[PDB]
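1. experimental coordinates for this protein are included below, preceded by the sequence.
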Amino acid sequence: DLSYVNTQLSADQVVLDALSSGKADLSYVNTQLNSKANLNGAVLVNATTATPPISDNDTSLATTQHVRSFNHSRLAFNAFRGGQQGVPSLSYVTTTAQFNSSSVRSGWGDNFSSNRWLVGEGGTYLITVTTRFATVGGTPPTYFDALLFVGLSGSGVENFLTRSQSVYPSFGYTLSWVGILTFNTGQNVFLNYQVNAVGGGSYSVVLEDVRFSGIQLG
Amino acid sequence: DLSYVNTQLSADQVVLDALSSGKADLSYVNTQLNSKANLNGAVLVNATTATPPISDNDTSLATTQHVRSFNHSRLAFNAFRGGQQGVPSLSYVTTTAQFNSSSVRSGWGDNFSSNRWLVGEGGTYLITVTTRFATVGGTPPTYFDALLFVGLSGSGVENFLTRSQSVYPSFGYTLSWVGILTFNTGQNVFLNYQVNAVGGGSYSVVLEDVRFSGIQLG
Amino acid sequence: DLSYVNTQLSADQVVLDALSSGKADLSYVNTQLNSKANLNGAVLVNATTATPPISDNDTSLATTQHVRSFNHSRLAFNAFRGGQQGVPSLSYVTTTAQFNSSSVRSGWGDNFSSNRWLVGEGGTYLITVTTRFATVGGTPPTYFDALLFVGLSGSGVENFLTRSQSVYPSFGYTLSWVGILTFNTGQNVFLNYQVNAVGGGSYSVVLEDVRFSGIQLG
């Protein structure tokens, strides 16, 4: 009937008004979307995450803090001795220098203990060794010799670094070597030195200011 | 015959159709949100952002340019002397080595003026020094001694580094050293060297081709 | 006719119910958007991108892989000699030591060919050189002289680095040098050494353990 038409039409009109409120406008939705970033070619400002672990090796983003930490973490290890270390035999007898203090990059399996460099991660590395061999007490030898090498007792692989010799050991010489040396993970690496001197009497060669540190390079 | 009721029925239909036309559909929005938008925990593509300043340490995202700039900024100074310099006194007198040219990284306060380096950023640094001492004129000494240490301004600190002693300075000796040191922002650092030599006569020990460069580690 | 209105109302209802089912509903839309990543205040649990090429310098985001590679990529090159070679002339003869093995970083044009380092990329590089000159057999010369300098192909720049001298060179002297050098793109660079010895007889001079390597510092 007449009144019937009124009622049913008013009912669906109410639904139309409910749809109006419950739904989103073209312009409003477009504005909200423009507020966000497109998946491709996304551009943003003042965007930040939580820094992933330094050891992280994935496609995840790195934060400025992350690069700060990483670059500083290429130092690998560092060890030094303050004072003098005796030499047992001046006849090309391999001996391992000691270190009262040492430091190591953390989070890579590296550890320095008992004057040992644990190679936490293998790869290419840069090694810089500087020490001083000197004689104190007695007559300085008429001839001196001291080779510098990255030796390893048991394997004896002595990467020859340098051989400084001179007949004025009474005041000591400083050996300096820098070069590229590769290493494999889990290796217990230590510094070996051999000294040979002829002549003199009551003389004992002395090793001091021993610097031993590495650098990580892939 | 019904009249106004059917015309309002039809009027409602018009508004209803316009309502649908000016709205946001499910299918439409889903496509924008999934294949053409970024989520949280998203997987992204090769997009771009703004380059953060090197000075920052926040968790903002780093760009390849930022990595380049930060890794290249890890030198922080390099001083070089061209020519020659004479040794003032051969009595282990604390002598401040002088420099002709220097360069420092920007954005950290590092400075190399008056032959003294300023610590722009307090922290650990790797310092390398290469000095050359030669005897010119007179008779070569029967004893030549040169001590190298990291002089701190206002103290003449004897941070002993190297002492090369040989009695053949007739042509020239080059002393080089590399090692790790720590410093704090605001500490004025210049290379003080003590040189002593005995024997000979009317000779002149000349310091030349001095290099004093420090590369930051940590 | 009520059937008339009923069929037209059924048409209205068809549109109504279709547009109701197929539409984006506000609460759900807001939920999804909140799940999405805001462009300005972007803070995401994690996110990944294709590892951009190491050479990239745009404002594209950096990956942990990229950070590792670039630092590892900053080695520039390396050159090493295995075995011993004889020094041809002790007469200040400009001689370029040859190399048996050498590696370069990829993706920069760097190449080490003909025992000469081609500067793939211009910039500031830290150069590391280690050479040993030793006299073998017969009478060691009464004096020795060996200049170490970075000769430059095409230009003839024998950058005086260090000079190795001794009166008993029968055991070798390794005056390894380190410092900061600048180079322009495409420059072909080698290393030249001039050796002069005085006195002695029936002695052969040997060059051994030649390491030549640099790293692209800032």
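-> Good, I have the coordinates. Residues are numbered from 1 along each chain as shown, chains lettered A, B, ... in the order given.

2. got the domain boundaries for chain A?
-> A:2-52+A:63-69, A:76-217 (automatic domain parsing).

3. for these, which one sits closest to residue B:115?
-> In terms of Cβ to Cβ, the element of the domains of chain A nearest to residue B:115 is domain A:76-217, at 23.2 Å. The C-beta positions use only the backbone N, C-alpha and C, and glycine is treated the same way.

4. any idea how far apart the tips of that closest one sit?
-> This stretch, domain A:76-217, spans 9 Å end to end (Cα to Cα, to the nearest Å).

5. just the element for the residue nearest to residue A:32 when sequence neighbours are not counted, please.
-> Among residues not flanking residue A:32 along the chain, residue C:33 sits closest, at 5.9 Å (Cβ to Cβ, 6 or more residues apart in numbering or on different chains). For residue C:33, the element it lies in under DSSP states H and E is helix C:26-35.

6. check the offset of that helix from the chain's centre.
-> 48 Å (Cα atoms, centre = their mean, to the nearest Å).

7. same question, stretch A:38-54
-> 26 Å.

8. ditto for stretch A:172-189
-> Offset of stretch A:172-189 from its chain centre (Cα atoms, centre = their mean): 15 Å.

9. can you check stretch A:79-86 too?
-> 24 Å.

10. now it - C-alpha only, CSV.
-> C-alpha atoms of stretch A:79-86 as CSV (Å, rounded to 0.1, in the frame of the first residue of the first chain):
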residue,chain,number,x,y,z
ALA,A,79,98.3,-6.8,22.9
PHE,A,80,101.3,-5.2,24.5
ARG,A,81,103.9,-5.7,27.1
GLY,A,82,105.1,-2.9,29.4
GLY,A,83,108.6,-3.6,30.7
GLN,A,84,111.3,-6.2,29.8
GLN,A,85,111.1,-9.8,28.9
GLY,A,86,114.1,-12.2,29.2
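
11. which ones are touching residue A:142?
-> A:167, A:198, A:199, A:200 (Cβ atoms under 8 Å, 6 or more residues apart in numbering or on different chains).

12. cool, and residue A:20?
-> Taking Cβ under 8 Å, 6+ apart, one finds residue B:19 in contact with residue A:20.

13. how about it, secondary structure?
-> Secondary structure, DSSP: H, G, I helix; E, B strand; the rest coil: residue A:20 is helix.

14. gap between it and residue C:26?
-> 11 Å (Cβ to Cβ, to the nearest Å).

15. please apply the same query to residue A:146.
-> Residue A:146 is 83 Å from residue C:26, by Cβ to Cβ.

16. show me where chain A has its strands.
-> Secondary structure of chain A (DSSP state E): strands at A:77-86, A:95-96, A:101-104, A:111-113, A:116-118, A:123-136, A:143-150, A:159-163, A:173-183, A:188-189, A:192-198, A:204-217.

17. out of the ones you listed, flag the one nearest residue C:100.
-> Closest of the strands of chain A to residue C:100 is strand A:173-183, at 14.2 Å (criterion: Cβ to Cβ).

18. my guess is residue A:49 contacts residue A:61. True?
-> Yes. In this structure, residue A:49 is within contact of residue A:61 by Cβ atoms under 8 Å, at 6.1 Å.

19. joint contacts of those two?
-> Here residue A:49 and residue A:61 share the contacting residues B:61, C:47, scored by Cβ under 8 Å, 6+ apart.

20. which of these two has more residues huddled nearby?
-> Between residue A:49 and residue A:61, counted using other Cβ atoms under 10 Å in any protein chain shown, residue A:61 has the larger neighbour count: 26 against 19.

21. report the contact partners of the spatially closest residue to residue A:138 that is not a sequence neighbour.
-> Take residue A:138 and drop its neighbours on the chain: the residue closest to it by Cβ to Cβ, 6+ apart is residue A:202, 2.7 Å away. Residues in contact with residue A:202 (Cβ under 8 Å, 6+ apart) are A:137, A:138, A:139.

22. list phi and psi for residue A:202.
-> When read as degrees, to the nearest 10, the backbone of residue A:202 gives phi 60, psi 30.

23. how many neighbours does the residue in chain A that chain C sits nearest to have?
-> Residue nearest to chain C within chain A (Cβ to the nearest Cβ): residue A:218, separated by 2.8 Å. Other residues near residue A:218 come to 15 when the count uses other Cβ under 10 Å.

24. hmm, residue A:120 is touching residue A:106, no?
-> No. With contacts counted by Cβ under 8 Å, residue A:120 stays clear of residue A:106, the gap being 9.1 Å.

25. tell me the buried residues in stretch A:7-21?
-> The neighbour-count check on stretch A:7-21 (16 or more other Cβ atoms under 10 Å in any protein chain shown) flags A:8, A:9, A:12, A:13, A:15, A:16, A:19 as buried.

26. revised request: answer the last question for stretch A:75-83.
-> For stretch A:75-83, using 16+ other Cβ under 10 Å, the buried residues are A:75, A:76, A:77, A:78, A:79, A:80, A:81.

27. ok, it near chain B or not?
-> Yes. Stretch A:75-83 lies within reach of chain B by Cβ under 8 Å from any Cβ of the partner chain, at A:75, A:78, A:80.

28. list the contacts of that stretch.
-> A:97-105, A:110, A:112, A:115, A:117, A:125, A:208-216, B:180, B:217-218.

29. 6 Å instead?
-> Outside stretch A:75-83, the residues that touch it by Cβ atoms under 6 Å, 6 or more residues apart in numbering or on different chains are A:98-100, A:102-105, A:110, A:112, A:117, A:210-216, B:180, B:217.
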